[PDB]
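Chemist: final_1.txt (compact mmCIF, C-alpha atoms and all ligand atoms) pasted underneath:
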# COMPACT_ATOMS: atom_id res chain seq x y z
CA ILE A 1 -1.40 -5.55 -20.87
CA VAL A 2 -2.24 -3.57 -24.02
CA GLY A 3 -2.39 -5.63 -27.21
CA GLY A 4 -1.96 -8.94 -25.44
CA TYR A 5 -4.36 -11.89 -25.27
CA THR A 6 -6.11 -13.90 -22.57
CA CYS A 7 -3.49 -16.27 -21.13
CA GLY A 8 -5.97 -18.98 -20.23
CA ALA A 9 -6.73 -19.99 -16.65
CA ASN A 10 -3.61 -21.04 -14.76
CA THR A 11 -1.38 -21.21 -17.85
CA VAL A 12 1.09 -18.84 -16.14
CA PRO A 13 1.46 -20.67 -12.75
CA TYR A 14 4.10 -18.30 -11.36
CA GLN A 15 2.04 -15.11 -11.64
CA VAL A 16 0.86 -13.70 -8.28
CA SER A 17 -1.47 -10.77 -7.69
CA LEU A 18 -0.47 -8.23 -5.04
CA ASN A 19 -3.71 -7.33 -3.30
CA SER A 20 -4.61 -4.78 -0.62
CA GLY A 21 -8.40 -4.79 -1.09
CA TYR A 22 -7.78 -4.44 -4.83
CA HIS A 23 -5.12 -5.63 -7.29
CA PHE A 24 -2.33 -3.06 -7.32
CA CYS A 25 0.75 -4.83 -8.67
CA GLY A 26 1.94 -8.13 -10.08
CA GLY A 27 4.63 -10.54 -8.97
CA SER A 28 6.15 -13.92 -9.71
CA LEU A 29 6.68 -16.81 -7.37
CA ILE A 30 10.30 -17.95 -7.41
CA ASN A 31 9.77 -20.64 -4.78
CA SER A 32 7.18 -21.88 -2.27
CA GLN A 33 7.76 -19.03 0.20
CA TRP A 34 9.21 -16.19 -1.88
CA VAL A 35 7.87 -13.78 -4.47
CA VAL A 36 9.69 -11.28 -6.69
CA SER A 37 8.07 -7.97 -7.59
CA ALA A 38 9.02 -4.31 -8.15
CA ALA A 39 10.33 -2.08 -5.34
CA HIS A 40 7.89 0.66 -6.39
CA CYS A 41 5.02 -1.71 -5.57
CA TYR A 42 5.84 -1.68 -1.85
CA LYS A 43 3.19 -0.88 0.74
CA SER A 44 1.98 -2.31 4.05
CA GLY A 45 -0.52 -5.10 4.38
CA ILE A 46 0.22 -6.84 1.12
CA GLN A 47 -1.73 -10.00 0.51
CA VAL A 48 -0.33 -12.36 -2.12
CA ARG A 49 -2.99 -14.07 -4.20
CA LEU A 50 -1.67 -17.17 -6.03
CA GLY A 51 -3.49 -19.34 -8.59
CA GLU A 52 -5.53 -16.50 -9.97
CA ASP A 53 -7.11 -15.98 -13.35
CA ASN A 54 -10.25 -13.99 -12.57
CA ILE A 55 -9.22 -11.62 -9.77
CA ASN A 56 -12.84 -10.62 -9.11
CA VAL A 57 -14.34 -14.12 -8.66
CA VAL A 58 -13.24 -17.07 -6.53
CA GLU A 59 -13.24 -20.04 -8.90
CA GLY A 60 -10.99 -22.58 -7.22
CA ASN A 61 -7.19 -22.88 -7.07
CA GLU A 62 -6.57 -19.56 -5.33
CA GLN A 63 -4.32 -19.34 -2.34
CA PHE A 64 -4.47 -16.13 -0.33
CA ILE A 65 -1.29 -15.68 1.68
CA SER A 66 -0.18 -12.55 3.50
CA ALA A 67 3.22 -10.96 3.05
CA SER A 68 5.30 -11.66 6.12
CA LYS A 69 7.80 -8.99 4.97
CA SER A 70 8.74 -7.02 1.86
CA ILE A 71 12.50 -6.67 1.34
CA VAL A 72 12.98 -3.71 -1.00
CA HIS A 73 16.41 -3.40 -2.60
CA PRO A 74 18.56 -1.23 -0.31
CA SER A 75 19.68 0.84 -3.31
CA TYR A 76 16.27 1.44 -4.84
CA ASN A 77 15.85 5.03 -6.04
CA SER A 78 12.32 6.37 -6.48
CA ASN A 79 13.36 9.02 -9.00
CA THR A 80 15.41 6.96 -11.45
CA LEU A 81 13.76 3.65 -10.57
CA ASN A 82 17.19 2.08 -10.60
CA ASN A 83 17.27 -1.15 -8.61
CA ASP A 84 13.49 -1.51 -8.94
CA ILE A 85 13.22 -4.92 -7.36
CA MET A 86 11.58 -6.24 -4.18
CA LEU A 87 11.37 -9.64 -2.51
CA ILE A 88 8.25 -10.61 -0.58
CA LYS A 89 8.42 -13.41 1.99
CA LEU A 90 5.13 -15.34 2.36
CA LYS A 91 3.65 -15.85 5.81
CA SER A 92 3.27 -19.55 5.05
CA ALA A 93 4.58 -21.61 2.15
CA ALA A 94 2.23 -21.91 -0.81
CA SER A 95 1.08 -25.32 -1.99
CA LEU A 96 2.79 -25.93 -5.29
CA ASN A 97 0.99 -27.88 -7.98
CA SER A 98 0.20 -27.67 -11.69
CA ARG A 99 -1.78 -24.45 -11.04
CA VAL A 100 0.73 -22.79 -8.69
CA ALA A 101 4.40 -23.14 -9.61
CA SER A 102 7.59 -21.15 -9.17
CA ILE A 103 9.59 -19.74 -12.07
CA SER A 104 13.36 -20.19 -12.48
CA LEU A 105 15.92 -17.46 -11.88
CA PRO A 106 18.13 -17.07 -14.99
CA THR A 107 21.76 -18.17 -15.03
CA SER A 108 22.80 -15.55 -17.56
CA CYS A 109 21.23 -12.50 -19.18
CA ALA A 110 19.10 -12.78 -22.29
CA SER A 111 20.05 -11.40 -25.70
CA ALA A 112 18.32 -8.76 -27.80
CA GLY A 113 15.70 -10.51 -29.94
CA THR A 114 14.79 -13.15 -27.35
CA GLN A 115 11.03 -13.63 -27.35
CA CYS A 116 9.59 -13.36 -23.84
CA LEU A 117 6.13 -13.67 -22.27
CA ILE A 118 4.86 -10.75 -20.22
CA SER A 119 1.64 -11.21 -18.25
CA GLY A 120 -0.63 -9.27 -15.91
CA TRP A 121 -3.96 -7.76 -14.83
CA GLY A 122 -2.84 -4.27 -15.73
CA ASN A 123 -4.63 -1.73 -17.88
CA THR A 124 -5.57 -3.15 -21.31
CA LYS A 125 -5.95 0.27 -22.91
CA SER A 126 -3.22 2.80 -23.69
CA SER A 127 -5.58 5.78 -23.87
CA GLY A 128 -7.81 5.35 -20.83
CA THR A 129 -8.13 2.70 -18.11
CA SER A 130 -9.85 -0.64 -18.75
CA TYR A 131 -8.87 -3.43 -16.38
CA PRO A 132 -9.43 -7.11 -17.11
CA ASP A 133 -10.80 -9.68 -14.69
CA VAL A 134 -8.59 -12.37 -16.19
CA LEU A 135 -4.83 -12.54 -16.70
CA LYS A 136 -3.54 -11.17 -20.02
CA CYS A 137 -0.39 -12.36 -21.83
CA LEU A 138 1.89 -10.71 -24.37
CA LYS A 139 4.85 -12.02 -26.37
CA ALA A 140 7.56 -9.40 -26.72
CA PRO A 141 11.27 -9.40 -27.62
CA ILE A 142 14.10 -7.90 -25.61
CA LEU A 143 15.34 -4.85 -27.46
CA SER A 144 18.94 -3.96 -28.22
CA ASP A 145 20.47 -1.66 -25.65
CA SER A 146 21.12 0.98 -28.32
CA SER A 147 17.47 1.16 -29.31
CA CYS A 148 16.52 1.18 -25.62
CA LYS A 149 18.86 3.97 -24.54
CA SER A 150 18.08 5.95 -27.67
CA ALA A 151 14.36 5.92 -26.75
CA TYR A 152 15.13 6.86 -23.13
CA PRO A 153 18.32 9.02 -23.31
CA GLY A 154 20.11 8.93 -19.97
CA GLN A 155 17.27 7.18 -18.19
CA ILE A 156 18.44 3.62 -18.79
CA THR A 157 20.83 2.10 -16.28
CA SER A 158 22.64 -1.24 -16.57
CA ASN A 159 19.88 -2.75 -14.46
CA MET A 160 17.20 -1.93 -17.02
CA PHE A 161 16.29 -3.34 -20.43
CA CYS A 162 13.65 -2.55 -23.01
CA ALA A 163 11.23 -5.17 -24.30
CA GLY A 164 8.34 -4.63 -26.62
CA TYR A 165 7.59 -2.96 -29.94
CA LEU A 166 8.72 0.41 -31.25
CA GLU A 167 5.61 0.78 -33.40
CA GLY A 168 3.40 0.58 -30.33
CA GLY A 169 0.16 -1.27 -29.71
CA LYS A 170 1.59 -3.98 -27.49
CA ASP A 171 2.98 -3.17 -24.05
CA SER A 172 2.69 -3.73 -20.31
CA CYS A 173 0.82 -0.97 -18.46
CA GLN A 174 -0.37 0.18 -15.02
CA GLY A 175 -1.21 -2.74 -12.78
CA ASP A 176 1.42 -4.85 -14.55
CA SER A 177 4.32 -3.56 -12.44
CA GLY A 178 6.13 -6.25 -10.50
CA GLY A 179 4.92 -8.73 -13.10
CA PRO A 180 7.18 -11.27 -14.85
CA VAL A 181 9.00 -11.18 -18.17
CA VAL A 182 9.86 -14.81 -18.77
CA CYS A 183 12.18 -15.87 -21.60
CA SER A 184 12.92 -19.54 -22.31
CA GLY A 185 11.57 -20.54 -18.89
CA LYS A 186 13.75 -18.09 -16.97
CA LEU A 187 12.53 -14.94 -15.17
CA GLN A 188 14.46 -12.28 -17.04
CA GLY A 189 12.51 -9.16 -16.11
CA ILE A 190 10.18 -7.37 -13.71
CA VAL A 191 7.67 -4.93 -15.18
CA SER A 192 8.98 -1.53 -14.03
CA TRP A 193 8.38 1.72 -15.96
CA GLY A 194 7.75 3.19 -19.36
CA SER A 195 6.59 6.43 -20.91
CA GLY A 196 2.88 5.70 -21.07
CA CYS A 197 1.70 2.42 -22.57
CA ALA A 198 2.09 0.91 -26.04
CA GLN A 199 3.30 4.27 -27.37
CA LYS A 200 5.45 4.45 -30.51
CA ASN A 201 9.20 4.52 -29.77
CA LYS A 202 8.46 4.14 -26.05
CA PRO A 203 9.06 0.45 -25.23
CA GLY A 204 8.46 -0.95 -21.77
CA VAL A 205 11.39 -0.69 -19.39
CA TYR A 206 12.11 -3.69 -17.21
CA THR A 207 14.24 -4.68 -14.26
CA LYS A 208 17.20 -6.75 -15.45
CA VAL A 209 16.88 -9.65 -12.98
CA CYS A 210 20.12 -11.39 -14.10
CA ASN A 211 22.01 -8.57 -12.35
CA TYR A 212 20.20 -9.47 -9.12
CA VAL A 213 20.40 -13.26 -9.13
CA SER A 214 23.10 -13.20 -6.45
CA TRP A 215 21.40 -10.50 -4.34
CA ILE A 216 18.15 -12.49 -4.45
CA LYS A 217 19.87 -15.74 -3.47
CA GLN A 218 21.76 -14.20 -0.54
CA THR A 219 18.87 -12.11 0.74
CA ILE A 220 16.56 -15.15 0.73
CA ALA A 221 19.30 -17.26 2.32
CA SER A 222 19.59 -14.88 5.26
CA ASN A 223 15.81 -14.56 5.85
CA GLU B 1 0.55 23.08 -16.84
CA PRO B 2 0.64 19.32 -17.84
CA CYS B 3 2.96 16.46 -16.82
CA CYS B 4 6.21 17.88 -18.26
CA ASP B 5 7.71 16.26 -21.35
CA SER B 6 7.41 12.43 -21.38
CA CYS B 7 6.36 11.88 -17.75
CA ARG B 8 8.32 8.75 -16.82
CA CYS B 9 5.60 6.79 -15.04
CA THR B 10 5.67 3.59 -13.04
CA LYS B 11 3.18 0.95 -14.13
CA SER B 12 1.68 0.56 -10.66
CA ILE B 13 -1.83 1.04 -9.34
CA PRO B 14 -1.72 3.91 -8.98
CA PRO B 15 1.34 5.05 -11.08
CA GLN B 16 4.25 7.33 -10.12
CA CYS B 17 5.06 9.83 -12.88
CA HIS B 18 8.45 11.25 -11.80
CA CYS B 19 8.78 12.39 -15.44
CA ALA B 20 11.76 12.44 -17.82
CA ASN B 21 12.18 16.21 -18.24
CA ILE B 22 15.67 16.81 -16.85
CA CA A 301 -10.18 -15.41 -8.52
Output the structure of this file as structure tokens.
Ligand SMILES: [Ca+2]
Modeler:
Amino acid sequence: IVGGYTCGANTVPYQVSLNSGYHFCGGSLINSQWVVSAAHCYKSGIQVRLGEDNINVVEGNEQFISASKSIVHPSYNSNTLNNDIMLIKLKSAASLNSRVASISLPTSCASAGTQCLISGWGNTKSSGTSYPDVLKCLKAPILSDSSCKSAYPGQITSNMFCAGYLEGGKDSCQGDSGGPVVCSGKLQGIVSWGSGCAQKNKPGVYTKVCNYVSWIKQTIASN
Amino acid sequence: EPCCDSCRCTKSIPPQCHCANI
């Protein structure tokens, strides 16, 4: 997160860290045994670390659970990043409490202007790479589809939405992928792509989860 | 030479810059 702030230990109970000997992507717990992340975050031997703040130190509340399977969206396309969404089944159910809680799937899509909270352990610097030990948070509004598609001509599909600031200085960045974009207590987005980080006229592009609410439900229901 | 024009990059560790130059 570039331009964000320190969330505060366990203040974002649904944030999970995708670890494989290092933090590579983010995710959000939607229930005790299922996590939502980005399809481009997929790799073998994914360990899901819940209840984290400082990813480098063990300070209580962590739950290390291994991915029992990662269900990438059948129609994911690595070039366009369309359908950039992946479900990760946990080997064992996580213990839910005040420090580890699931986030709600939206019932409808959010509107341009809606203030959302984006969080993650991704790069905190646009020009260079500085990673934080603790979870960073950022408040950013969903942009209007016209401003989104104008910034990324022909690259924005109906399953993508822009969130952020056109002036730059505040944006999600590498390491934040798979992370949550929560608006009014509903998981509205998954950190996906963007042209750099916190660059002017280059907002962050996110996976429009409302389009996948039914896919998610059915997939989970059959696994 | 460099990463095209506006290298569309994923925000993963490490990133995937499939670029935007079509
Ligand atoms: Ca820790």
Chemist: As a list in words, could you give me every residue of chain B near chain A (at most 8 Å apart, counting only C-alpha atoms)?
Modeler: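 Taken together, these residues fit the definition: residues 6, 7, 8, 9, 10, 11, 12, 13, 14, 15, 18 and 20 of chain B.
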Chemist: Could you save the residues just selected, with C-alpha atoms, as a CSV table (one decimal), keeping the file's coordinate frame?
Modeler:
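Output saved as part.csv:
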chain,number,residue,atom,x,y,z
B,6,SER,CA,7.4,12.4,-21.4
B,7,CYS,CA,6.4,11.9,-17.8
B,8,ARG,CA,8.3,8.8,-16.8
B,9,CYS,CA,5.6,6.8,-15.0
B,10,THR,CA,5.7,3.6,-13.0
B,11,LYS,CA,3.2,1.0,-14.1
B,12,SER,CA,1.7,0.6,-10.7
B,13,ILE,CA,-1.8,1.0,-9.3
B,14,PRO,CA,-1.7,3.9,-9.0
B,15,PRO,CA,1.3,5.0,-11.1
B,18,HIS,CA,8.4,11.2,-11.8
B,20,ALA,CA,11.8,12.4,-17.8
Chemist: Taking all atoms listed in the file into account, which residues have an atom no farther than 8 Å from ligand CA 301 (chain A)? I'd like them as a PyMOL selection string.
Modeler: chain A and resi 51-60+62
Chemist: Just to confirm, what's the straight-line distance from CA of residue 144 in chain A to CA of residue 113 in chain A in Å (one decimal)?
Modeler: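 Answer for the CA of residue 144 in chain A to CA of residue 113 in chain A separation: 7.5 Å.
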Chemist: What is the CA of residue 1 in chain A to CA of residue 104 in chain A distance in Å?
Modeler: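 These two atoms are separated by 22.4 Å.
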Chemist: Quick one: 5 Å padding each side, axis-aligned, all listed atoms of range 60-65 of chain A - centre and edge lengths in Å to one decimal, as lines of an AutoDock Vina configuration file?
Modeler:
center_x = -6.1
center_y = -19.3
center_z = -2.8
size_x = 19.7
size_y = 17.2
size_z = 18.9
Chemist: Take range 6-27 of chain A from the block and save it with N, CA, C and O atoms, as a PDB file, in the first residue's frame.
Modeler:
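out_19.pdb, written as the output of this step:
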ATOM      1  N   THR A   6      -0.942   2.598   8.911  1.00  0.00           N
ATOM      2  CA  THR A   6      -0.916   1.324   9.611  1.00  0.00           C
ATOM      3  C   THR A   6      -2.314   1.019  10.125  1.00  0.00           C
ATOM      4  O   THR A   6      -2.848   1.749  10.954  1.00  0.00           O
ATOM      5  N   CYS A   7      -2.889  -0.084   9.657  1.00  0.00           N
ATOM      6  CA  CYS A   7      -4.233  -0.494  10.066  1.00  0.00           C
ATOM      7  C   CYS A   7      -4.429  -0.596  11.578  1.00  0.00           C
ATOM      8  O   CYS A   7      -5.425  -0.112  12.129  1.00  0.00           O
ATOM      9  N   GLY A   8      -3.469  -1.225  12.246  1.00  0.00           N
ATOM     10  CA  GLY A   8      -3.584  -1.435  13.672  1.00  0.00           C
ATOM     11  C   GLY A   8      -3.803  -2.928  13.774  1.00  0.00           C
ATOM     12  O   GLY A   8      -4.623  -3.483  13.043  1.00  0.00           O
ATOM     13  N   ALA A   9      -3.058  -3.579  14.659  1.00  0.00           N
ATOM     14  CA  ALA A   9      -3.128  -5.024  14.830  1.00  0.00           C
ATOM     15  C   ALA A   9      -4.518  -5.600  14.890  1.00  0.00           C
ATOM     16  O   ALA A   9      -5.320  -5.197  15.719  1.00  0.00           O
ATOM     17  N   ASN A  10      -4.800  -6.523  13.975  1.00  0.00           N
ATOM     18  CA  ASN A  10      -6.080  -7.227  13.902  1.00  0.00           C
ATOM     19  C   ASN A  10      -7.352  -6.396  13.669  1.00  0.00           C
ATOM     20  O   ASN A  10      -8.473  -6.870  13.917  1.00  0.00           O
ATOM     21  N   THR A  11      -7.197  -5.180  13.155  1.00  0.00           N
ATOM     22  CA  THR A  11      -8.353  -4.335  12.884  1.00  0.00           C
ATOM     23  C   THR A  11      -9.018  -4.706  11.553  1.00  0.00           C
ATOM     24  O   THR A  11     -10.100  -4.215  11.232  1.00  0.00           O
ATOM     25  N   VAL A  12      -8.359  -5.557  10.771  1.00  0.00           N
ATOM     26  CA  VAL A  12      -8.892  -6.010   9.488  1.00  0.00           C
ATOM     27  C   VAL A  12      -8.880  -7.543   9.580  1.00  0.00           C
ATOM     28  O   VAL A  12      -8.187  -8.211   8.826  1.00  0.00           O
ATOM     29  N   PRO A  13      -9.728  -8.114  10.459  1.00  0.00           N
ATOM     30  CA  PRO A  13      -9.840  -9.560  10.699  1.00  0.00           C
ATOM     31  C   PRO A  13     -10.031 -10.533   9.537  1.00  0.00           C
ATOM     32  O   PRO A  13      -9.856 -11.744   9.714  1.00  0.00           O
ATOM     33  N   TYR A  14     -10.366 -10.040   8.356  1.00  0.00           N
ATOM     34  CA  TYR A  14     -10.568 -10.942   7.221  1.00  0.00           C
ATOM     35  C   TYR A  14      -9.340 -11.056   6.306  1.00  0.00           C
ATOM     36  O   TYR A  14      -9.311 -11.883   5.396  1.00  0.00           O
ATOM     37  N   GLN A  15      -8.338 -10.224   6.541  1.00  0.00           N
ATOM     38  CA  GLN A  15      -7.127 -10.241   5.738  1.00  0.00           C
ATOM     39  C   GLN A  15      -6.239 -11.468   6.025  1.00  0.00           C
ATOM     40  O   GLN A  15      -5.924 -11.757   7.181  1.00  0.00           O
ATOM     41  N   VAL A  16      -5.891 -12.217   4.981  1.00  0.00           N
ATOM     42  CA  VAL A  16      -5.008 -13.377   5.129  1.00  0.00           C
ATOM     43  C   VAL A  16      -3.768 -13.105   4.301  1.00  0.00           C
ATOM     44  O   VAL A  16      -3.812 -12.337   3.333  1.00  0.00           O
ATOM     45  N   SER A  17      -2.651 -13.695   4.707  1.00  0.00           N
ATOM     46  CA  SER A  17      -1.390 -13.535   3.989  1.00  0.00           C
ATOM     47  C   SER A  17      -1.048 -14.861   3.308  1.00  0.00           C
ATOM     48  O   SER A  17      -1.011 -15.911   3.963  1.00  0.00           O
ATOM     49  N   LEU A  18      -0.893 -14.831   1.987  1.00  0.00           N
ATOM     50  CA  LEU A  18      -0.530 -16.033   1.248  1.00  0.00           C
ATOM     51  C   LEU A  18       0.995 -16.172   1.316  1.00  0.00           C
ATOM     52  O   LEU A  18       1.754 -15.360   0.778  1.00  0.00           O
ATOM     53  N   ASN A  19       1.426 -17.200   2.026  1.00  0.00           N
ATOM     54  CA  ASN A  19       2.834 -17.445   2.268  1.00  0.00           C
ATOM     55  C   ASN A  19       3.363 -18.740   1.654  1.00  0.00           C
ATOM     56  O   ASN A  19       2.662 -19.750   1.591  1.00  0.00           O
ATOM     57  N   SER A  20       4.588 -18.672   1.149  1.00  0.00           N
ATOM     58  CA  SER A  20       5.279 -19.823   0.582  1.00  0.00           C
ATOM     59  C   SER A  20       6.758 -19.593   0.927  1.00  0.00           C
ATOM     60  O   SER A  20       7.628 -19.605   0.049  1.00  0.00           O
ATOM     61  N   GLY A  21       7.011 -19.356   2.220  1.00  0.00           N
ATOM     62  CA  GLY A  21       8.352 -19.076   2.717  1.00  0.00           C
ATOM     63  C   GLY A  21       8.630 -17.580   2.667  1.00  0.00           C
ATOM     64  O   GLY A  21       9.748 -17.115   2.911  1.00  0.00           O
ATOM     65  N   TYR A  22       7.596 -16.831   2.304  1.00  0.00           N
ATOM     66  CA  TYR A  22       7.626 -15.378   2.189  1.00  0.00           C
ATOM     67  C   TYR A  22       6.205 -14.966   1.798  1.00  0.00           C
ATOM     68  O   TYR A  22       5.441 -15.779   1.272  1.00  0.00           O
ATOM     69  N   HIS A  23       5.831 -13.731   2.109  1.00  0.00           N
ATOM     70  CA  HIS A  23       4.506 -13.229   1.759  1.00  0.00           C
ATOM     71  C   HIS A  23       4.531 -12.871   0.280  1.00  0.00           C
ATOM     72  O   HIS A  23       5.338 -12.038  -0.150  1.00  0.00           O
ATOM     73  N   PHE A  24       3.664 -13.499  -0.505  1.00  0.00           N
ATOM     74  CA  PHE A  24       3.628 -13.189  -1.929  1.00  0.00           C
ATOM     75  C   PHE A  24       2.352 -12.482  -2.379  1.00  0.00           C
ATOM     76  O   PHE A  24       2.405 -11.588  -3.221  1.00  0.00           O
ATOM     77  N   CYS A  25       1.219 -12.844  -1.786  1.00  0.00           N
ATOM     78  CA  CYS A  25      -0.050 -12.226  -2.146  1.00  0.00           C
ATOM     79  C   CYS A  25      -0.935 -12.048  -0.925  1.00  0.00           C
ATOM     80  O   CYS A  25      -0.599 -12.495   0.166  1.00  0.00           O
ATOM     81  N   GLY A  26      -2.071 -11.396  -1.119  1.00  0.00           N
ATOM     82  CA  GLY A  26      -3.012 -11.194  -0.039  1.00  0.00           C
ATOM     83  C   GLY A  26      -4.281 -11.975  -0.331  1.00  0.00           C
ATOM     84  O   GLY A  26      -4.433 -12.565  -1.398  1.00  0.00           O
ATOM     85  N   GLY A  27      -5.194 -11.997   0.621  1.00  0.00           N
ATOM     86  CA  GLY A  27      -6.445 -12.698   0.425  1.00  0.00           C
ATOM     87  C   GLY A  27      -7.424 -12.226   1.484  1.00  0.00           C
ATOM     88  O   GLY A  27      -7.083 -11.395   2.331  1.00  0.00           O
TER      89      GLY A  27
END
